[PDB]
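I have placed the structure first, in the form of structure tokens, so that the comments after it can refer back to it.
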2 protein chains.
Amino acid sequence: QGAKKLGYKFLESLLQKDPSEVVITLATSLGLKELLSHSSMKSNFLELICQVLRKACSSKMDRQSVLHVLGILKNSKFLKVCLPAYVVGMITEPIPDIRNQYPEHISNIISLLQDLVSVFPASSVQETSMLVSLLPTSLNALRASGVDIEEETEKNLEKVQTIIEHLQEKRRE
Amino acid sequence: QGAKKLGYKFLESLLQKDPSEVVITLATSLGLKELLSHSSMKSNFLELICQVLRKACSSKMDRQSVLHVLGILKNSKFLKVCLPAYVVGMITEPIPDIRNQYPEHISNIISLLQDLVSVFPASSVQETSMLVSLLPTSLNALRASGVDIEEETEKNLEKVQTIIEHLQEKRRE
């Protein structure tokens with residue numbers, strides 16, 4: 001029933017399942033493309049979608065489903081427009097409660113970036129480059145505004161930055 | 001007559017006029033909004049539009065027309081989606097002739113950013129912040145790939161970065 005027009009409550013219930021169930025539910029869902037086809041979205045819905053995609057694409061068992069989900073993710077307005085706009089919108093957030101919760105979503109975004117640079121390195125260069133170019137600015141803005149960042153998050157961002165830099169360098173020629 | 005449905009040839013002819021004529025033609029054109037409502041565009045058309053906006057919004061005579069043109073520009077998909085993607089696409093350009101022409105369009109983009117941060121500082125913080133966060137990466141990529149950058153361009157980008165940083169700082173509280 002709701003396995004097509006994936007709603008907020010449906011994804012909330014689906015997140016509790018194990019990564020295999022989540023990735024197989026998303027890969028066989030018709031509305032996944034329509035789920036990520038929004039350039040504008042609420043913060044809560046975007047964070048839930050990022051959590052669900054982080055958990056699903058981490059499935060070290062269902063390669064074809066992760067492939068399908070990441071292939072839909074890389075060509076979606078969610079990754080191209082919505083996520084960069086949200087990362088930029090982190091800088092002008094006055095409320096401290098949301099600024100303190102931002103690091104978890106940043107970690108989820110960096111994990112999805114690693115997934116993209118490992119599964120679709122050649123065709124997802126532009127989107128991952130835009131996101132890894134926008135992330136350090138919001139990280140410095142949150143670090144200066146009291147919000148602490150986990151060191152592992154910085155390590156992962158530097159790793160994905162190195163991979164993306166090498167892919168851009170090898171595409172320049 | 002043909003001043004609506006702003007086409008490539010119309011903007012090519014209009015660019016030769018003085019800044020007052022250009023800005024008044026754009027402000028009184030119905031299709032201006034529909035001209036900038038494209039998230040995807042050709043390189044030549046985007047560069048022509050950026051040149052036209054640089055020349056028009058430089059008009060130190062017609063304040064109302066510059067206000068209208070910049071107000072349409074700040075809320076358009078051209079500035080939100082098209083220009084950041086175009087700036088990111090500079091890094092993976094193999095052709096050297098286009099990489100060598102990029103600095104002029106970068107200077108035009110920085111000039112439009114100065115226009116936005118001086119005319120609409122409060123409401124255009126997000127869009128100008130995304131572009132001033134994406135520009136130094138493509139500048140480093142072009143500087144490493146042999147393409148030289150003008151010193152005045154770097155000065156202007158650092159100035160607009162300082163203004164945007166202070167606006168974000170004053171929006172955090």
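What follows draws every value from the coordinates through simple rules; no lab data is involved. Don't worry about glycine lacking a Cβ; one is built from the backbone with ideal geometry, like all the others, and counts go over all protein chains shown.
Residues A:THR25, A:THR128, arranged from fewest to most other Cβ atoms within 10 angstrom of their Cβ, appear as A:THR25, A:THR128. Relative contact order for chain A using alpha-carbon pairs under 8 Å, separation at least 6, rounded to a whole percent? The normalised contact order for chain A reaches 21 percent. Taking all Cα pairs closer than 8 Å and separated by 6 or more residues, the relative contact order of segment B:106-173 comes to 47 percent.
With R₀ fixed at 35 Å, the C-beta to C-beta distance from B:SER20 to A:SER39 puts the FRET efficiency at about 0.50. A full extension of the chain between B:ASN140 and B:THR28 corresponds to an added length of 36.4 nm, given 0.36 nm per residue minus the alpha carbon distance. The label-point distance for A:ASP148 and A:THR162, in a model that sets each label 7 Å from Cα toward Cβ, rounds to 2.6 nm. Peptides A:68-76, A:54-62 ordered by packing proxy, namely the average of other Cβ atoms within 10 Å per residue, highest first: A:68-76, A:54-62.
Averaged over the residues of peptide B:162-168, the number of Cβ atoms from other protein chains lying within 10 Å of each residue's Cβ is 2. Annotation: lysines with alpha-carbon distance below 23 angstrom to A:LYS33 (same-chain offsets under eight excluded): A:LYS4, A:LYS5, A:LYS9, A:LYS17, A:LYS42, A:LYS55, A:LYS60, A:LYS74, A:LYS77, A:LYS80, B:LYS77, B:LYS80. Other protein chain C-beta atoms within 10 Å of residue C-beta, averaged over A:128-135: 5. Stretching A:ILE95 away from A:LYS4 to a fully extended chain increases their span by 29.3 nm, per 0.36 nm per residue minus the current alpha-carbon distance. Once the Cα-Cα distance is subtracted from the 0.36 nm per residue extended length, the A:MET61 to A:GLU12 segment shows a gain of 15.4 nm.
Among the residues of A:1-13, the average count of other protein chain beta-carbon atoms within 10 Å of the residue beta-carbon is 0.
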